[PDB]
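# A look at the structure
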Amino acid sequence: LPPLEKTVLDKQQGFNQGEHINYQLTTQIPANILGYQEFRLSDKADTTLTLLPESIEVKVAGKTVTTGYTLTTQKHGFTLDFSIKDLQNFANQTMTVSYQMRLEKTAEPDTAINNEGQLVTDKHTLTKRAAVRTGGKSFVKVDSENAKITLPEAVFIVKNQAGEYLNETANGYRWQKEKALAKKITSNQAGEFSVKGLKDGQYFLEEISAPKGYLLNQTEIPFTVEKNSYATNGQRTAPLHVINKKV
Ligand code: NA
Ligand code: NA
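A short tour of the structure in this document, coming up.

### Details of the sheet that holds strand β6 (residues 69-74)
Taking strand neighbours across the sheet as the criterion, the 5 strands line up as β6-β7-β3-β9-β10 in an open arrangement whose pairing is antiparallel. Each edge of the open sheet carries a strand with a single partner, namely β6 and β10 (125-132). The average angle at which neighbouring strand axes cross in this sheet is 10°, direction not considered.

Shown next, in the form of structure tokens:
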């Protein structure tokens, strides 16, 4: 029975919202492919993943293939419905399908985000899912003397190790040099705020606006994004306390 592999490239640190994720389906065309009535490769992903249809590339033994199939594409997946007769030329060879999907801003940190690769023939159906993640961190803005006095209207931007600034575009995040494009994050009535949709890393907060009555911390505030720095099975990780001294 023809096999099925699904892989994701460089998934070790998770991914940013907006990042283009490289996926691959691999199978092997059976020697007796002419015996089959049906042969279809597909992916159907979570709605947190958007397919880039122009990315899709079918190769056999390294060579790009453009006929011998009908491609269907939708927002969160595709189907390649192959002509049996045409696959005879590729009997006994490896076929890969490379494609990309964008992680949307609806992707929650510390959740399994699945795709589902599938090979359907008339004899059998093979299914293999893969999973990706993004990360985040919670914070709470507090008085330096009293951790229970939580402070609204504190405004921060985020920086990476290079001193670049997190920008929100329509589709997700990008690090860039212009401070005026920096996405702003503000502590709420409970003093709380978070950063969601970053891959693993060491990043920093820079306070650009203090709560009324309080000083601006001139020191950048380091924080780590990694697996479970935001949540563990729905239960939220405890916020980093960000302290403010009063005038
Ligand atoms: Na087919
Ligand atoms: Na959290």
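There's plenty left to go through after this.
### A look at the pairing of strand β13 (residues 165-168)
Sheet topology places β13 next to strand β14 (residues 173-176); 4 bridges connect them, and they run antiparallel. Along β14, the bridge assignment pairs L166 with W175. Hairpin connection of β13 to β14: 4 residues between the antiparallel strands.

### Brief notes about the sheet that holds strand β5 (residues 63-64)
In spatial order, the strands read β1-β2-β8-β4-β5; together these 5 strands make up an open sheet with antiparallel pairing. Each of the sheet's edge strands pairs with one partner strand only, and the pair in question is β1 (5-8) and β5. Pairing geometry for β1 and strand β2 (residues 20-28), over 4 bridges, is antiparallel. Looking at the pairing, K6 lines up with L25 of β2.

### A look at the packing of aromatic side chains
Inspection of the entire model under this criterion finds 9 aromatic pairs. For the pair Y23 and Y99, a centre-to-centre distance of 5.5 Å together with 10° between the ring planes defines the contact as stacked. With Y23 in strand β2 and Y99 in strand β8 (residues 94-103), the pair connects residues that are 76 residues apart, well separated along the chain. Its relative accessible area of 2% is what places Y23 among the buried residues. Ring geometry for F139 against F193: centres 5.1 Å apart, planes inclined by 15°, an arrangement best described as stacked. Of this pair, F139 sits in strand β11 (residues 135-143) while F193 sits in strand β16 (residues 192-198); the two residues are 54 residues apart in sequence, bridging distant segments of the chain. The pair formed by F139 and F193 is uniform in burial state, with each residue classed as buried. For the cation-ring pair, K123 lies above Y36, with the distance from its terminal atom to the ring centre recorded as 4.5 Å.

### Comments concerning the coordination of the sodium ion (ligand 1)
For a metal with four tetrahedral donors the ideal donor-metal-donor angle is 109.5 degrees, whereas six octahedral donors ideally subtend 90 or 180 degrees. Donor atoms from the polypeptide that coordinate the sodium ion (ligand 1) comprise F39 (N), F39 (O), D81 (OD) and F82 (O), at 2.4 to 3.0 Å from the metal. Here the donor residues of the sodium ion (ligand 1) are spaced in sequence according to F-x41-D-F. The exposure class of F82 is buried, given its relative accessible area of 6%.

### Notes on the pairing of strand β17 (residues 201-209)
Bridge count between strand β12 (residues 155-159) and β17: 5 bridges; the pairing is antiparallel. Of the residues in β17, the one forming a bridge with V158 is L205. Two strands pair when backbone bridges link them, and β17 and strand β18 (residues 221-225) are joined in this way by 5 bridges, in the antiparallel orientation. What sits directly across from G201, in β18, is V225.

### Overview of the environment of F204
Along the chain, the position of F204 falls in strand β17. For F204, a relative accessible area of 17% puts it in the buried group. It is 44 Å that separates the C-alpha atoms of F204 and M95, two residues lying 109 residues apart in sequence. Setting aside its immediate chain neighbours within four residues, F204 contacts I157, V158, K159, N160, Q161, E220, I221, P222 and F223.

Basis of the calculations
- Counting starts from 1 on each chain and follows the sequence as written, independent of the entry's numbering; residues without coordinates are not shown.
- To label them, take the chains in the order written and letter them from A, then take the ligands in the order written and number them from 1.
- Only hydrogens and water are set aside when side-chain values are computed; all heavy atoms of the structure are taken into account.
- Residues with missing side-chain atoms are left out of burial classes, side-chain pairs and their counts.
- By this definition, two strands are paired if DSSP reports at least two bridges between them.
- Runs of E in the DSSP output that reach at least two residues are strands. Runs of H or I that reach at least four are helices, and both are numbered from the N terminus.
- Fitting a line to C-alpha atoms yields each axis, with helices limited to the stretch in contact; the angle taken between N-to-C directions then spans 0 to 180 degrees.
- Here a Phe, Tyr or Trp ring, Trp counted by its six-membered ring, pairs with any other such ring whose centre lies within 6.5 Å, and the pair is stacked when the planes are under 30 degrees apart, edge-to-face when over 60, and tilted otherwise.
- In this scheme, a residue with accessible area under 20% of its type's maximum is buried, one over 50% is exposed, and one in between is partly exposed, where area comes from a 1.4 Å probe on protein chains only.
- Criterion for a charge above a ring: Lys NZ or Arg CZ within 6 Å of the ring centre, and within 35 degrees of the ring normal.
- Sites may look incomplete, because water is not among the atoms used; the donor set itself consists of N, O and S atoms within 2.8 Å of the metal (3.2 Å for Na, K and Ca).
- Note on definitions: a residue-residue contact is assigned when non-hydrogen atoms from the two residues lie within 4.5 Å.

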